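Undergrad: Structure file my_file.cif (mmCIF, N, CA, C and O atoms) right here:
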data_coords
#
loop_
_atom_site.label_atom_id
_atom_site.label_comp_id
_atom_site.auth_asym_id
_atom_site.auth_seq_id
_atom_site.Cartn_x
_atom_site.Cartn_y
_atom_site.Cartn_z
N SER H 59 0.82 -1.21 0.00
CA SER H 59 0.00 0.00 0.00
C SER H 59 0.86 1.26 0.00
O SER H 59 0.33 2.38 -0.02
N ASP H 60 2.18 1.08 0.05
CA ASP H 60 3.12 2.20 0.01
C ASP H 60 2.94 2.76 -1.38
O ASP H 60 2.71 3.95 -1.58
N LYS H 61 3.03 1.83 -2.34
CA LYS H 61 2.87 2.08 -3.77
C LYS H 61 1.39 2.38 -4.03
O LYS H 61 0.75 1.77 -4.90
N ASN H 62 0.86 3.31 -3.25
CA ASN H 62 -0.53 3.71 -3.35
C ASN H 62 -0.62 5.16 -2.87
O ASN H 62 -1.39 5.95 -3.42
N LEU H 63 0.17 5.49 -1.84
CA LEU H 63 0.18 6.84 -1.28
C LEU H 63 1.49 7.60 -1.54
O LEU H 63 1.58 8.81 -1.30
N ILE H 64 2.51 6.89 -2.01
CA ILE H 64 3.79 7.50 -2.32
C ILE H 64 4.31 6.80 -3.57
O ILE H 64 3.81 5.73 -3.94
N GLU H 65 5.29 7.40 -4.23
CA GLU H 65 5.87 6.76 -5.39
C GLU H 65 6.92 5.79 -4.84
O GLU H 65 7.72 6.15 -3.97
N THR H 66 6.90 4.56 -5.32
CA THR H 66 7.83 3.56 -4.85
C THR H 66 8.74 2.99 -5.93
O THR H 66 8.50 3.15 -7.14
N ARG H 67 9.79 2.33 -5.47
CA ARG H 67 10.75 1.68 -6.34
C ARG H 67 10.43 0.20 -6.17
O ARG H 67 9.54 -0.17 -5.39
N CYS H 68 11.15 -0.64 -6.90
CA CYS H 68 10.96 -2.07 -6.75
C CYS H 68 11.98 -2.57 -5.71
O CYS H 68 13.17 -2.19 -5.74
N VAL H 69 11.50 -3.38 -4.78
CA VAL H 69 12.35 -3.96 -3.76
C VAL H 69 12.08 -5.46 -3.76
O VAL H 69 10.94 -5.91 -3.54
N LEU H 70 13.11 -6.24 -4.05
CA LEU H 70 12.98 -7.68 -4.03
C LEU H 70 13.29 -8.09 -2.58
O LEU H 70 14.44 -8.35 -2.21
N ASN H 71 12.22 -8.09 -1.77
CA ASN H 71 12.23 -8.39 -0.34
C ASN H 71 12.14 -9.90 -0.03
O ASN H 71 11.10 -10.53 -0.24
N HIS H 72 13.23 -10.46 0.49
CA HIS H 72 13.26 -11.88 0.81
C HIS H 72 13.38 -12.15 2.31
O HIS H 72 13.84 -13.22 2.71
N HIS H 73 12.94 -11.18 3.12
CA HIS H 73 12.97 -11.31 4.58
C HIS H 73 12.04 -12.45 5.01
O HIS H 73 10.88 -12.51 4.61
N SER H 74 12.56 -13.38 5.82
CA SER H 74 11.78 -14.54 6.25
C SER H 74 10.74 -14.27 7.33
O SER H 74 10.91 -13.38 8.17
N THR H 75 9.67 -15.05 7.31
CA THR H 75 8.60 -14.94 8.29
C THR H 75 8.61 -16.15 9.24
O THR H 75 7.76 -16.25 10.12
N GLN H 76 9.58 -17.04 9.08
CA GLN H 76 9.65 -18.23 9.90
C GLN H 76 9.79 -18.04 11.40
O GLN H 76 9.18 -18.77 12.19
N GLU H 77 10.59 -17.07 11.82
CA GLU H 77 10.77 -16.88 13.24
C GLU H 77 9.53 -16.42 13.98
O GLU H 77 9.50 -16.48 15.21
N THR H 78 8.52 -15.95 13.27
CA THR H 78 7.29 -15.56 13.94
C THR H 78 6.20 -16.64 13.83
O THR H 78 5.03 -16.40 14.16
N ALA H 79 6.58 -17.82 13.34
CA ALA H 79 5.65 -18.96 13.28
C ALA H 79 5.45 -19.27 14.77
O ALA H 79 6.41 -19.23 15.56
N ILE H 80 4.22 -19.60 15.17
CA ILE H 80 4.00 -19.80 16.59
C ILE H 80 4.89 -20.87 17.20
O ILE H 80 5.26 -20.78 18.38
N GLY H 81 5.27 -21.85 16.39
CA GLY H 81 6.15 -22.89 16.90
C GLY H 81 7.48 -22.32 17.38
O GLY H 81 7.97 -22.71 18.45
N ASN H 82 8.08 -21.40 16.63
CA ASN H 82 9.36 -20.85 17.07
C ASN H 82 9.17 -19.88 18.21
O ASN H 82 10.05 -19.73 19.06
N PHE H 83 8.01 -19.22 18.25
CA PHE H 83 7.73 -18.29 19.34
C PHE H 83 7.60 -19.07 20.66
O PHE H 83 8.10 -18.65 21.69
N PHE H 84 6.93 -20.22 20.61
CA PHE H 84 6.69 -20.98 21.83
C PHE H 84 7.67 -22.08 22.22
O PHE H 84 7.80 -22.37 23.40
N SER H 85 8.34 -22.69 21.25
CA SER H 85 9.22 -23.82 21.56
C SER H 85 10.57 -23.41 22.11
O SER H 85 11.62 -23.66 21.49
N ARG H 86 10.52 -22.79 23.28
CA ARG H 86 11.67 -22.28 24.02
C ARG H 86 11.29 -22.65 25.46
O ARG H 86 10.22 -22.28 25.92
N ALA H 87 12.14 -23.38 26.17
CA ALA H 87 11.81 -23.79 27.53
C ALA H 87 11.77 -22.63 28.50
O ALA H 87 12.68 -21.80 28.52
N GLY H 88 10.73 -22.58 29.32
CA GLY H 88 10.60 -21.51 30.29
C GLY H 88 10.26 -22.07 31.66
O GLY H 88 9.68 -23.15 31.77
N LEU H 89 10.62 -21.33 32.70
CA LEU H 89 10.35 -21.78 34.07
C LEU H 89 8.85 -21.85 34.36
O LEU H 89 8.12 -20.90 34.05
N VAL H 90 8.39 -22.96 34.92
CA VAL H 90 6.98 -23.07 35.27
C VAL H 90 6.78 -23.51 36.71
O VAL H 90 5.66 -23.52 37.21
N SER H 91 7.86 -23.84 37.40
CA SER H 91 7.73 -24.26 38.79
C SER H 91 9.06 -24.32 39.52
O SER H 91 10.09 -24.65 38.94
N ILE H 92 9.02 -23.98 40.80
CA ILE H 92 10.20 -24.06 41.66
C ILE H 92 9.72 -24.82 42.89
O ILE H 92 8.92 -24.31 43.65
N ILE H 93 10.18 -26.05 43.06
CA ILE H 93 9.77 -26.86 44.19
C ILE H 93 10.92 -27.01 45.16
O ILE H 93 12.04 -27.31 44.75
N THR H 94 10.67 -26.78 46.44
CA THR H 94 11.71 -26.90 47.45
C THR H 94 11.43 -27.97 48.51
O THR H 94 10.29 -28.18 48.92
N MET H 95 12.48 -28.66 48.91
CA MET H 95 12.38 -29.65 49.95
C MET H 95 13.51 -29.36 50.89
O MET H 95 14.57 -29.97 50.81
N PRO H 96 13.29 -28.40 51.78
CA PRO H 96 14.31 -28.02 52.76
C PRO H 96 14.40 -29.09 53.83
O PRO H 96 13.53 -29.96 53.92
N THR H 97 15.48 -29.05 54.62
CA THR H 97 15.66 -30.02 55.69
C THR H 97 15.18 -29.40 56.99
O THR H 97 14.82 -30.10 57.93
N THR H 98 15.16 -28.08 57.02
CA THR H 98 14.72 -27.32 58.18
C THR H 98 13.56 -26.41 57.77
O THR H 98 13.46 -26.01 56.62
N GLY H 99 12.69 -26.07 58.72
CA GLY H 99 11.59 -25.20 58.37
C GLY H 99 10.23 -25.78 58.71
O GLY H 99 10.13 -26.73 59.49
N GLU I 14 10.77 30.79 -53.91
CA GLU I 14 10.29 31.60 -52.75
C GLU I 14 10.90 31.14 -51.42
O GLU I 14 11.05 29.93 -51.18
N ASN I 15 11.28 32.09 -50.56
CA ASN I 15 11.83 31.76 -49.24
C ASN I 15 10.63 31.51 -48.33
O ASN I 15 9.68 32.30 -48.32
N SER I 16 10.67 30.41 -47.58
CA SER I 16 9.56 30.08 -46.68
C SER I 16 9.70 30.80 -45.34
O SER I 16 9.81 30.17 -44.28
N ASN I 17 9.66 32.13 -45.40
CA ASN I 17 9.81 32.97 -44.22
C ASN I 17 8.55 33.72 -43.78
O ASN I 17 8.63 34.85 -43.26
N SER I 18 7.39 33.10 -43.97
CA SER I 18 6.13 33.70 -43.55
C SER I 18 5.94 33.41 -42.04
O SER I 18 6.44 32.40 -41.53
N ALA I 19 5.26 34.30 -41.33
CA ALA I 19 5.02 34.13 -39.89
C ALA I 19 4.10 32.93 -39.61
O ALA I 19 4.13 32.35 -38.52
N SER I 20 3.28 32.57 -40.59
CA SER I 20 2.34 31.45 -40.46
C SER I 20 2.96 30.12 -40.90
O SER I 20 2.33 29.06 -40.80
N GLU I 21 4.20 30.18 -41.38
CA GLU I 21 4.91 28.98 -41.81
C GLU I 21 5.11 28.09 -40.58
O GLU I 21 5.61 28.54 -39.54
N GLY I 22 4.69 26.83 -40.68
CA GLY I 22 4.84 25.93 -39.56
C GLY I 22 3.57 25.76 -38.74
O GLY I 22 3.64 25.33 -37.58
N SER I 23 2.42 26.11 -39.32
CA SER I 23 1.15 25.94 -38.62
C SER I 23 0.32 24.90 -39.37
O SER I 23 0.58 24.63 -40.55
N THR I 24 -0.66 24.32 -38.69
CA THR I 24 -1.52 23.30 -39.30
C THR I 24 -2.48 23.85 -40.35
O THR I 24 -2.89 23.12 -41.26
N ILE I 25 -2.83 25.13 -40.24
CA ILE I 25 -3.75 25.76 -41.18
C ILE I 25 -3.06 26.22 -42.47
O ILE I 25 -1.98 26.82 -42.44
N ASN I 26 -3.69 25.93 -43.61
CA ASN I 26 -3.16 26.30 -44.92
C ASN I 26 -3.93 27.49 -45.47
O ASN I 26 -5.17 27.48 -45.49
N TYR I 27 -3.21 28.52 -45.90
CA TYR I 27 -3.84 29.73 -46.44
C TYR I 27 -3.52 29.87 -47.93
O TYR I 27 -2.44 29.48 -48.38
N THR I 28 -4.46 30.41 -48.69
CA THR I 28 -4.26 30.65 -50.12
C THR I 28 -3.96 32.14 -50.25
O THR I 28 -4.85 32.98 -50.08
N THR I 29 -2.70 32.46 -50.54
CA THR I 29 -2.27 33.85 -50.65
C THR I 29 -1.69 34.21 -52.02
O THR I 29 -1.44 33.34 -52.85
N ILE I 30 -1.49 35.51 -52.24
CA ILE I 30 -0.94 36.03 -53.49
C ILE I 30 0.44 36.64 -53.17
O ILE I 30 0.62 37.23 -52.10
N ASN I 31 1.41 36.49 -54.07
CA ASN I 31 2.76 37.05 -53.85
C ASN I 31 3.45 37.41 -55.18
O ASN I 31 3.19 36.78 -56.21
N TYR I 32 4.31 38.43 -55.15
CA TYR I 32 5.05 38.88 -56.34
C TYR I 32 6.54 39.02 -56.00
O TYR I 32 7.34 39.44 -56.84
N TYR I 33 6.90 38.66 -54.76
CA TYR I 33 8.27 38.77 -54.28
C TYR I 33 8.87 37.42 -53.81
O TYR I 33 8.12 36.47 -53.55
N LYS I 34 10.20 37.33 -53.73
CA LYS I 34 10.87 36.08 -53.34
C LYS I 34 10.70 35.68 -51.87
O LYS I 34 11.01 34.54 -51.50
N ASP I 35 10.21 36.60 -51.04
CA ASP I 35 10.01 36.32 -49.61
C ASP I 35 8.52 36.08 -49.33
O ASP I 35 7.68 36.92 -49.65
N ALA I 36 8.23 34.92 -48.73
CA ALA I 36 6.85 34.52 -48.40
C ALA I 36 6.07 35.48 -47.50
O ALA I 36 4.85 35.59 -47.62
N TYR I 37 6.76 36.17 -46.59
CA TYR I 37 6.08 37.09 -45.69
C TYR I 37 5.53 38.34 -46.40
O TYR I 37 4.71 39.07 -45.82
N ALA I 38 5.98 38.58 -47.64
CA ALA I 38 5.52 39.73 -48.44
C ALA I 38 4.12 39.47 -49.01
O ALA I 38 3.44 40.39 -49.48
N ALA I 39 3.70 38.20 -48.96
CA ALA I 39 2.40 37.76 -49.47
C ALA I 39 1.21 38.37 -48.75
O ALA I 39 1.34 38.87 -47.62
N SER I 40 0.06 38.32 -49.41
CA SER I 40 -1.19 38.84 -48.85
C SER I 40 -1.64 37.88 -47.74
O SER I 40 -1.16 36.73 -47.68
N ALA I 41 -2.53 38.34 -46.86
CA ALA I 41 -3.03 37.49 -45.77
C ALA I 41 -3.80 36.28 -46.35
O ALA I 41 -3.75 35.17 -45.81
N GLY I 42 -4.50 36.51 -47.47
CA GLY I 42 -5.26 35.45 -48.12
C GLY I 42 -6.48 34.96 -47.36
O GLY I 42 -7.10 35.71 -46.60
N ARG I 43 -6.82 33.69 -47.54
CA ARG I 43 -7.97 33.08 -46.88
C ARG I 43 -7.67 31.64 -46.45
O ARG I 43 -6.92 30.93 -47.12
N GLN I 44 -8.25 31.22 -45.32
CA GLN I 44 -8.04 29.87 -44.81
C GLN I 44 -8.63 28.86 -45.79
O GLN I 44 -9.83 28.89 -46.06
N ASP I 45 -7.77 27.98 -46.31
CA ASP I 45 -8.17 26.93 -47.25
C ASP I 45 -7.02 26.60 -48.20
O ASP I 45 -6.54 25.47 -48.25
N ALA I 65 -13.67 18.11 -24.38
CA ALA I 65 -14.26 19.43 -24.20
C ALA I 65 -13.40 20.50 -24.90
O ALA I 65 -12.22 20.26 -25.17
N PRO I 66 -13.99 21.67 -25.22
CA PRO I 66 -13.29 22.77 -25.89
C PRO I 66 -12.12 23.28 -25.03
O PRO I 66 -12.28 23.50 -23.82
N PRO I 67 -10.94 23.50 -25.64
CA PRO I 67 -9.78 23.99 -24.89
C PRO I 67 -10.02 25.20 -23.98
O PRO I 67 -9.43 25.30 -22.90
N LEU I 68 -10.90 26.11 -24.40
CA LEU I 68 -11.17 27.31 -23.62
C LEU I 68 -12.23 27.22 -22.52
O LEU I 68 -12.23 28.04 -21.60
N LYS I 69 -13.13 26.24 -22.60
CA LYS I 69 -14.18 26.10 -21.59
C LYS I 69 -13.76 25.31 -20.35
O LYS I 69 -14.60 24.73 -19.66
N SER I 70 -12.45 25.29 -20.07
CA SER I 70 -11.89 24.59 -18.91
C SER I 70 -12.24 23.09 -18.93
O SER I 70 -13.04 22.61 -18.11
N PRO I 71 -11.62 22.32 -19.86
CA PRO I 71 -11.83 20.88 -20.02
C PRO I 71 -11.56 20.06 -18.75
O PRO I 71 -10.48 20.17 -18.18
N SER I 72 -12.54 19.26 -18.33
CA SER I 72 -12.36 18.42 -17.14
C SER I 72 -11.44 17.25 -17.51
O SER I 72 -11.29 16.93 -18.69
N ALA I 73 -10.81 16.62 -16.52
CA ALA I 73 -9.90 15.51 -16.77
C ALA I 73 -10.59 14.39 -17.53
O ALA I 73 -9.96 13.68 -18.32
N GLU I 74 -11.89 14.23 -17.28
CA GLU I 74 -12.68 13.19 -17.94
C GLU I 74 -12.98 13.58 -19.40
O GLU I 74 -12.94 12.72 -20.29
N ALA I 75 -13.27 14.86 -19.63
CA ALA I 75 -13.57 15.37 -20.97
C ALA I 75 -12.38 15.27 -21.93
O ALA I 75 -12.57 15.24 -23.15
N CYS I 76 -11.17 15.21 -21.38
CA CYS I 76 -9.95 15.13 -22.18
C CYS I 76 -9.45 13.68 -22.37
O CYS I 76 -9.31 12.92 -21.41
N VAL I 82 -14.22 8.79 -3.00
CA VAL I 82 -13.01 9.53 -2.63
C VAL I 82 -11.85 9.30 -3.59
O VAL I 82 -11.28 8.20 -3.66
N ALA I 83 -11.49 10.34 -4.32
CA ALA I 83 -10.40 10.26 -5.27
C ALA I 83 -9.08 10.66 -4.62
O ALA I 83 -9.06 11.38 -3.61
N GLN I 84 -7.98 10.18 -5.21
CA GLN I 84 -6.64 10.46 -4.71
C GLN I 84 -5.58 10.71 -5.79
O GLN I 84 -5.29 9.84 -6.63
N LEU I 85 -5.02 11.91 -5.76
CA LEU I 85 -3.96 12.30 -6.67
C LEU I 85 -2.67 12.18 -5.88
O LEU I 85 -2.46 12.87 -4.88
N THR I 86 -1.80 11.28 -6.32
CA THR I 86 -0.52 11.06 -5.65
C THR I 86 0.60 11.51 -6.57
O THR I 86 0.61 11.17 -7.75
N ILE I 87 1.55 12.26 -6.05
CA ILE I 87 2.66 12.67 -6.87
C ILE I 87 3.84 12.82 -5.92
O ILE I 87 3.76 13.52 -4.91
N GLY I 88 4.93 12.10 -6.22
CA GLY I 88 6.08 12.14 -5.34
C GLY I 88 5.68 11.43 -4.05
O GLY I 88 5.00 10.40 -4.10
N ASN I 89 6.08 11.98 -2.90
CA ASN I 89 5.76 11.37 -1.61
C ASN I 89 4.50 12.01 -0.98
O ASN I 89 4.31 11.96 0.24
N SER I 90 3.64 12.59 -1.81
CA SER I 90 2.47 13.28 -1.31
C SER I 90 1.18 12.91 -2.02
O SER I 90 1.16 12.63 -3.22
N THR I 91 0.09 12.93 -1.25
CA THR I 91 -1.22 12.60 -1.78
C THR I 91 -2.31 13.56 -1.28
O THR I 91 -2.38 13.83 -0.08
N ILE I 92 -3.13 14.08 -2.19
CA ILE I 92 -4.26 14.95 -1.81
C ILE I 92 -5.48 14.08 -2.12
O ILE I 92 -5.36 13.08 -2.82
N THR I 93 -6.66 14.43 -1.62
CA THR I 93 -7.84 13.62 -1.93
C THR I 93 -8.95 14.48 -2.49
O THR I 93 -9.40 15.42 -1.83
N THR I 94 -9.38 14.19 -3.71
CA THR I 94 -10.49 14.94 -4.31
C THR I 94 -11.68 13.99 -4.34
O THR I 94 -11.86 13.17 -3.43
N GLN I 95 -12.50 14.10 -5.38
CA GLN I 95 -13.68 13.24 -5.50
C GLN I 95 -13.89 12.73 -6.93
O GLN I 95 -14.06 11.53 -7.14
N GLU I 96 -13.88 13.64 -7.92
CA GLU I 96 -14.09 13.24 -9.31
C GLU I 96 -13.07 13.80 -10.31
O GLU I 96 -12.50 14.87 -10.10
N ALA I 97 -12.87 13.07 -11.41
CA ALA I 97 -11.96 13.44 -12.49
C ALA I 97 -12.65 14.47 -13.40
O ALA I 97 -12.00 15.16 -14.18
N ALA I 98 -13.97 14.54 -13.30
CA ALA I 98 -14.75 15.49 -14.07
C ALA I 98 -14.76 16.81 -13.28
O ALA I 98 -15.45 17.77 -13.62
N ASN I 99 -13.97 16.82 -12.21
CA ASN I 99 -13.85 17.99 -11.35
C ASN I 99 -12.44 18.54 -11.40
O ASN I 99 -12.09 19.43 -10.62
N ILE I 100 -11.62 17.99 -12.29
CA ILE I 100 -10.26 18.48 -12.44
C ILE I 100 -10.17 19.17 -13.78
O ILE I 100 -10.47 18.57 -14.80
N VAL I 101 -9.78 20.43 -13.78
CA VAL I 101 -9.67 21.17 -15.02
C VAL I 101 -8.26 21.01 -15.61
O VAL I 101 -7.27 21.10 -14.89
N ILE I 102 -8.19 20.74 -16.92
CA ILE I 102 -6.91 20.62 -17.62
C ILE I 102 -6.84 21.91 -18.46
O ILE I 102 -7.49 22.03 -19.51
N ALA I 103 -6.05 22.89 -18.00
CA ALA I 103 -5.94 24.17 -18.69
C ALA I 103 -5.64 24.05 -20.17
O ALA I 103 -4.66 23.42 -20.56
N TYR I 104 -6.50 24.64 -20.98
CA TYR I 104 -6.34 24.61 -22.44
C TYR I 104 -6.27 23.20 -23.00
O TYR I 104 -5.76 22.98 -24.10
N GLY I 105 -6.79 22.24 -22.24
CA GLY I 105 -6.80 20.86 -22.68
C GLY I 105 -5.43 20.24 -22.88
O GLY I 105 -5.29 19.24 -23.58
N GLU I 106 -4.40 20.81 -22.26
CA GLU I 106 -3.06 20.25 -22.42
C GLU I 106 -2.36 19.86 -21.14
O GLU I 106 -2.16 20.67 -20.24
N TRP I 107 -1.98 18.60 -21.09
CA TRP I 107 -1.28 18.05 -19.95
C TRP I 107 0.19 18.49 -19.97
O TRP I 107 0.79 18.64 -21.04
N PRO I 108 0.78 18.75 -18.80
CA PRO I 108 2.19 19.17 -18.74
C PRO I 108 3.09 18.11 -19.37
O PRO I 108 2.81 16.92 -19.29
#
Is it possible to give me this structure as C-alpha cells?
TA:
Amino acid sequence: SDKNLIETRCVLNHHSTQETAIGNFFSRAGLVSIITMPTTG
Amino acid sequence: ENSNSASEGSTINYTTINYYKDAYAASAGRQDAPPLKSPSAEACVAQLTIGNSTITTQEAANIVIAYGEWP
C-alpha cells in the first residue's frame, strides 16, 4: 500500500517470516515451577 | 520563394498572393471538451498522488486541464 500513497521503487524483499511462526515463538523452555524440599523449616 | 512567412509551420493552410521572393511579403489570403471552456480531466473519494504526497479529491470530471493540455 506504500505504492498507493507515495511513489515507490521495486524492492525484491526476501525477509523470512519463519521466526514468527508460533512454533518458534513458543518452543523455548521456560520456568513453570520451583519446588523446594528443605531439611529445616 | 523563401519560406519565411510568420504562419509557416502551422496546421492551417492559407491561399495567398505574392510577387516577391520572400513569403512574408504575401497577402493574408484566406483559410483553405473545448480547450477554452476549462476541459475536465474526464472530458480530455479520489486520490492524486505525486512524489511522496497525496491529496484527496472526488471526481476526475472535477479536475480542469488548462487549455486541454497536460504538462
Undergrad: Run the PyMOL selection byres ((chain H) within 7 of (chain I)) against the file shown and list the residues it catches, as a ChimeraX atom specification.
TA: /H:62-66
Undergrad: What lies within 8 Å of residue 98 in chain I using only C-alpha atoms, ignoring chain neighbours under 2 positions off, as an NGL selection string?
TA: :I and (72-75 or 96 or 100-101)
Undergrad: If I take CA of residue 67 in chain I and CA of residue 105 in chain I, how far is one from the other in Å, to one decimal?
TA: 4.9 Å
Undergrad: Which one of I:30, I:97, I:36, I:102 sits closest to residue 69 in chain I if you count all atoms listed in the file?
TA: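 For residue 69 in chain I, the nearest of the candidates is I:102.
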Undergrad: Take atom C of residue 79 in chain H and atom N of residue 60 in chain H and report the distance between them in Å, one decimal.
TA: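 Between these atoms lies a distance of 25.3 Å.
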Undergrad: Identify all residues satisfying the PyMOL selection byres (((chain I and resi 19 and name CA) around 12) and name CA) in the given file; provide them as a PyMOL selection string.
TA: chain I and resi 15-18+20-23+27+35-41
Undergrad: So that I have them on file, write out the residues from the current selection with N, CA, C and O atoms, as a compact mmCIF listing (two decimals), keeping the file's coordinate frame.
TA:
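Result file follows (out.txt):
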# COMPACT_ATOMS: atom_id res chain seq x y z
N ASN I 15 11.28 32.09 -50.56
CA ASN I 15 11.83 31.76 -49.24
C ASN I 15 10.63 31.51 -48.33
O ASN I 15 9.68 32.30 -48.32
N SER I 16 10.67 30.41 -47.58
CA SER I 16 9.56 30.08 -46.68
C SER I 16 9.70 30.80 -45.34
O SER I 16 9.81 30.17 -44.28
N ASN I 17 9.66 32.13 -45.40
CA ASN I 17 9.81 32.97 -44.22
C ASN I 17 8.55 33.72 -43.78
O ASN I 17 8.63 34.85 -43.26
N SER I 18 7.39 33.10 -43.97
CA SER I 18 6.13 33.70 -43.55
C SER I 18 5.94 33.41 -42.04
O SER I 18 6.44 32.40 -41.53
N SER I 20 3.28 32.57 -40.59
CA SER I 20 2.34 31.45 -40.46
C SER I 20 2.96 30.12 -40.90
O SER I 20 2.33 29.06 -40.80
N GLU I 21 4.20 30.18 -41.38
CA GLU I 21 4.91 28.98 -41.81
C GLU I 21 5.11 28.09 -40.58
O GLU I 21 5.61 28.54 -39.54
N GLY I 22 4.69 26.83 -40.68
CA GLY I 22 4.84 25.93 -39.56
C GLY I 22 3.57 25.76 -38.74
O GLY I 22 3.64 25.33 -37.58
N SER I 23 2.42 26.11 -39.32
CA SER I 23 1.15 25.94 -38.62
C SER I 23 0.32 24.90 -39.37
O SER I 23 0.58 24.63 -40.55
N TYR I 27 -3.21 28.52 -45.90
CA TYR I 27 -3.84 29.73 -46.44
C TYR I 27 -3.52 29.87 -47.93
O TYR I 27 -2.44 29.48 -48.38
N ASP I 35 10.21 36.60 -51.04
CA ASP I 35 10.01 36.32 -49.61
C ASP I 35 8.52 36.08 -49.33
O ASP I 35 7.68 36.92 -49.65
N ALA I 36 8.23 34.92 -48.73
CA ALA I 36 6.85 34.52 -48.40
C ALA I 36 6.07 35.48 -47.50
O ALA I 36 4.85 35.59 -47.62
N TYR I 37 6.76 36.17 -46.59
CA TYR I 37 6.08 37.09 -45.69
C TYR I 37 5.53 38.34 -46.40
O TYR I 37 4.71 39.07 -45.82
N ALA I 38 5.98 38.58 -47.64
CA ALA I 38 5.52 39.73 -48.44
C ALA I 38 4.12 39.47 -49.01
O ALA I 38 3.44 40.39 -49.48
N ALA I 39 3.70 38.20 -48.96
CA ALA I 39 2.40 37.76 -49.47
C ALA I 39 1.21 38.37 -48.75
O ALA I 39 1.34 38.87 -47.62
N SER I 40 0.06 38.32 -49.41
CA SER I 40 -1.19 38.84 -48.85
C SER I 40 -1.64 37.88 -47.74
O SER I 40 -1.16 36.73 -47.68
N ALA I 41 -2.53 38.34 -46.86
CA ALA I 41 -3.03 37.49 -45.77
C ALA I 41 -3.80 36.28 -46.35
O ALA I 41 -3.75 35.17 -45.81
Undergrad: Could you write out as a ChimeraX atom specification the residues that the PyMOL selection byres ((chain I and resi 28) around 4.5) matches in the shown file?
TA: /I:26-27,29,42-43
Undergrad: When you look at residue 83 in chain I with a cut-off of 6 Å (counting only C-alpha atoms), what residues show up, excluding the ones that are within fewer than 2 positions of it in the same chain? I need them as an MDAnalysis selection string.
TA: chainID I and resid 93:95
Undergrad: Work out how far atom N of residue 25 in chain I is from atom C of residue 71 in chain I, in Å to one decimal.
TA: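 Separation between atom C of residue 71 in chain I and atom N of residue 25 in chain I: 23.7 Å.
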Undergrad: Extract the full set of helix (DSSP H, G or I) residues from chain H according to DSSP on the backbone, and format it as a PyMOL selection string.
TA: chain H and resi 60-63+76-78+80-84
Undergrad: Given 8 Å on each side, where is the centre and what are the edge lengths in Å to one decimal of the axis-aligned box enclosing the listed atoms of range 72-94 of chain I, as AutoDock Vina command-line options?
TA:
--center_x -4.1 --center_y 13.7 --center_z -11.5 --size_x 36.3 --size_y 27.1 --size_z 39.4
